[PDB]
Ligand SMILES: [Cl-]
Ligand SMILES: [Zn+2]
Ligand SMILES: [Zn+2]
Ligand SMILES: [Zn+2]
């Protein structure tokens, strides 16, 4: 599915595309590179940088809605991170 992150598996937040064509949350690939420099955490390809903002994916996420996995509220994908931040059922299940 075009809208999940290949490291955390949640709906993408600020999607970034790496030179190898993998798409991750900006913070997810930033933290991966902090620990294991110059490597894609999904396919292990050489990365000279975090990548570029996946503005095609960000655009499409504005016109997509999906149910939160934990409370079933229909949420816009662009706003899903903000939803799970304060979703009590999510917090119940995964912790703060
Ligand atoms: Cl709803
Ligand atoms: Zn992520
Ligand atoms: Zn990759
Ligand atoms: Zn929820």
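Here chain A follows Swiss-Prot for its numbers: 33-128, in order, are the residues you see.
Cβ coordinates are placed from backbone N, Cα and C, and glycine is handled just like the others.
Residue ranges 109-113, 114-118 are listed, and Swiss-Prot annotates 109-113 among them as region 'Interaction with the RING-type zinc finger'. By the rule that a residue counts when its Cβ sits under 6 Å from some atom of ligand 4, the binding-site residues 60, 75, 103, 119 yield 103, 119. Only residues 6 or more beyond the boundaries of the zinc finger (37-76), in the same chain, are considered here, and those with a CB under 8 A from a CB of the stretch are 82-86, 89-90, 93, 98, 109, 112-113, 116.
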